[PDB]
Amino acid sequence: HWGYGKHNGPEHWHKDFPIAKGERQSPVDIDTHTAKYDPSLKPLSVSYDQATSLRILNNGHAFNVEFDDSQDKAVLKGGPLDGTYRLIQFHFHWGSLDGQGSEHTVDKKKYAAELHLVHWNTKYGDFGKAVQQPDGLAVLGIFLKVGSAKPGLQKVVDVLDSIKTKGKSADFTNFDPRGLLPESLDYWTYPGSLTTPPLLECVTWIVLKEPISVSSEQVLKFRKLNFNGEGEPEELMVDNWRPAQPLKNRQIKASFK
Ligand SMILES: Cc1ccc(CNS(=O)(=O)c2ccc(S(N)(=O)=O)s2)cc1
Ligand SMILES: [Hg+2]
Ligand SMILES: [Zn+2]
């Protein structure tokens, strides 16, 4: 139904998902001058050493790398979070051009892509229960800028050929998500939502200050994916990002000064 085209894109979402005009919708523009440094913010704790990746799949909206979340294998704690959040999957949002693609923007600046590492609050039992809670999810957002190649991203890039169309999946085990993290863990944080329908306002967003760089050819591979299924007219998977939403009654806190 929904998509990123002119006829079923972001501007149409509200008709099927009224929460699209809610009070804590994402993404937002991060105005660095009005973001408030919070000294009571703890450092993030990212434990991805036991992460067990399983599959990669093109879901017609993006490609996602899924992880085994049956136990506390790869978890996020600390920062503005209270509780353990399990890594379930990560995906990207990218543009048709290098100057667009990220969902969040910094001082109106757009990056070439944006990585979202999706985690759910374990106190809720399963992902489905987590999406019914205001503190159910924690998404780690990482900006991608074009520059030198990111070694840890190449494994992902090499498998894109086998999942070109919607519904295709491939085994993708033993992938280490630690190779996708910047050197610094400083971040901005604010309460928001999922950026694609159902747009549930259950997310504590943690956006890293430091972006990772990827080569021109790495992000180029992203753009060769298809939104369509095999046998259907080809539509390149590009610009699968949602425009910034009004911040409203929310303040962005920074873990750094
Ligand atoms: C019951 C149910 C609810 C929601 C989903 C969405 N699927 S999902 O949670 O993985 C995401 C959609 C958008 C994401 S973003 N771009 O904000 O990180 S994460 C599936 C199933
Ligand atoms: Hg919620
Ligand atoms: Zn996303």
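**Student:** What's the story with the overall build of the protein in this structure? I'm lost.
**Tutor:** Tallying secondary structure elements over the protein gives three helices and 15 strands in all. Against the compact-globule benchmark of 18 Å for 257 residues, the protein has a radius of gyration of 17 Å, which places it among compact chains. Along the longest, intermediate and shortest principal axes, the C-alpha atoms of the protein span 55 × 40 × 40 Å. Long-range contacts, defined as pairs at least 24 residues apart, comprise 70% of the intrachain contacts of the protein with a sequence gap of at least 6.

**Student:** What am I meant to see in the coordination of the zinc ion (ligand 3) here?
**Tutor:** Put simply, the ideal angle at a metal is 109.5 degrees for four donors in tetrahedral geometry and 90 or 180 degrees for six donors in octahedral geometry. With distances of 2.0 Å, the protein atoms coordinating the zinc ion (ligand 3) are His 91 (NE2), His 93 (NE2) and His 116 (ND1). Given four donor atoms and angles of 104 to 118° at the metal, the environment of the zinc ion (ligand 3) is assigned as tetrahedral. In primary sequence terms, the donor set of the zinc ion (ligand 3) follows H-x1-H-x22-H. Residue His 93 is found in strand β7 (residues 85–94), and its partner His 116 is found in strand β9 (residues 113–121); the two are separated by 23 residues along the sequence. Exposure class is identical for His 93 and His 116. Each is buried.

**Student:** Looking at this structure, how should I read the pattern of salt bridges?
**Tutor:** A side chain with one charge can pair with a side chain of the opposite charge if their charged atoms come near. Summed over all chains, the structure comprises 14 salt bridges. Among the salt bridges present, the one from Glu 232 reaches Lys 166, with a minimum N-O distance of 3.6 Å. One end of the pair, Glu 232, is in the loop between α3 (216–222) and β15 (253–254); the other, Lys 166, is in the loop between α2 (151–159) and β11 (169–171), and 66 residues separate them in sequence. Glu 232 sits in the partly exposed class, given a relative accessible area of 40%. A relative accessible area of 37% places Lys 166 in the partly exposed class. In this structure, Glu 230 engages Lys 168 in a salt bridge whose closest nitrogen and oxygen atoms are separated by 3.4 Å. Taken together, the residues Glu 230 in the loop between α3 and β15 and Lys 168 in the loop between α2 and β11 connect sequence positions 62 residues apart. With relative accessibility at 31%, the residue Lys 168 sits in the partly exposed group.

**Student:** Mind showing me how you'd approach the site of ligand 1 here?
**Tutor:** Near ligand 1 you find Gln 89, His 91, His 93, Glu 103, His 116, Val 118, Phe 127, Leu 194, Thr 195, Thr 196, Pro 198 and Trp 205, and these make up its full shell. Measuring from an oxygen atom of ligand 1, one finds a side-chain N or O atom of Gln 89 at 2.7 Å. In the model, an oxygen atom of ligand 1 is placed 3.4 Å from a nitrogen or oxygen of the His 116 side chain. Relative to its free-state accessible area of 510 Å², ligand 1 is covered by the protein chains to the extent of 72%.

**Student:** Explain the environment of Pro 43 here, please?
**Tutor:** Secondary-structure assignment places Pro 43 in the loop between β2 (36–37) and β3 (44–47). Linking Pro 43 and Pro 18, residues 25 residues apart in sequence, is a C-alpha distance of 35 Å. Setting aside residues up to four positions removed in sequence, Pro 43 forms contacts with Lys 77, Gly 78 and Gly 79.

**Student:** Whenever I open this one, the pairing of strand β6 (residues 75–78) confuses me. Can you help?
**Tutor:** As defined by bridge partners, β3 adjoins β6 across four bridges and the pair is classed as antiparallel. Its bridge partner being in β6, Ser 45 is matched across the sheet by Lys 77. In this sheet, β7 lies alongside β6 in antiparallel orientation, the contact comprising two bridges. Bridging from a neighbouring strand, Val 75 pairs with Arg 86 of β7. Turn length for the β6-β7 hairpin, with the two strands adjacent in sequence and antiparallel, is six residues, and the turn residue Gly 79 shows positive phi of about 55°.

**Student:** Please clarify how the packing of aromatic side chains should be interpreted in this entry.
**Tutor:** Aromatic rings considered in pairs are described by the distance between their centres and by the relative angle of their planes. For the structure on display, the rule yields 15 aromatic pairs. A centroid spacing of 6.5 Å and a plane angle of 20° characterise the contact between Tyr 4 and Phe 227, whose relative ring orientation is stacked. Linking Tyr 4 in the segment before β1 (29–30) with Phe 227 in the loop between α3 and β15, this pair joins segments that are 223 residues apart in sequence. Judged on exposure class, the residue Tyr 4 and its partner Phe 227 are both buried.

**Student:** Can you help me understand the side chain of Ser 215 in this one?
**Tutor:** Mapped onto the fold, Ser 215 is located in the loop between β14 (212–214) and α3. Ignoring any residue separated from it by four or fewer positions in sequence, one finds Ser 215 in contact with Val 146, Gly 147, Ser 148, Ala 149 and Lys 150.

**Student:** When you look at the UniProt feature "active site" in the protein in this model, what are you seeing that I'm missing?
**Tutor:** Listed under "active site" in the UniProt record, and renumbered for this structure, are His 61. Counting through the fold element by element, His 61 comes out in the loop between β4 (53–58) and β5 (63–67). Assessed through its relative accessible area of 24%, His 61 is described here as partly exposed. When residues no more than four places from it in sequence are discounted, the contact partners of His 61 are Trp 2, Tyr 4, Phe 227, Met 237 and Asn 240.

What counts and what doesn't
- Residues numbered from 1 in each chain as written, not as in the entry; some residues may be left out.
- Chains lettered and ligands numbered in written order.
- Heavy atoms only, no water.
- Residues with missing side-chain atoms left out of burial classes, pairs and counts.
- Helix = DSSP H or I, 4+ residues; strand = E, 2+ residues; numbered from the N terminus.
- Rg over C-alpha atoms; globule rule 2.2 N^0.38 Å.
- Contact = heavy atoms within 4.5 Å.
- Donors = N, O, S within 2.8 Å, 3.2 Å for Na, K, Ca; no water.
- Tetrahedral: all angles 85-135°; square planar, octahedral: opposite > 155°, others 65-115°.
- Buried < 20%, exposed > 50% of the residue type's maximum accessible area, 1.4 Å probe, protein only.
- Salt bridge = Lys/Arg side-chain N within 4 Å of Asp/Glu carboxyl O.
- Near = heavy atom within 4 Å.
- Polar contact = N/O pair within 3.5 Å; in protein donor to acceptor, adjacent residues only side chain to side chain.
- Areas by Shrake-Rupley, 256 points an atom, 1.4 Å probe, with all protein chains shown as cover.
- Pairing = 2+ DSSP bridges.
- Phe/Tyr/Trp six-rings, centres within 6.5 Å; stacked < 30°, edge-to-face > 60°.
- UniProt positions renumbered as here; feature names shortened; annotations may be inferred.

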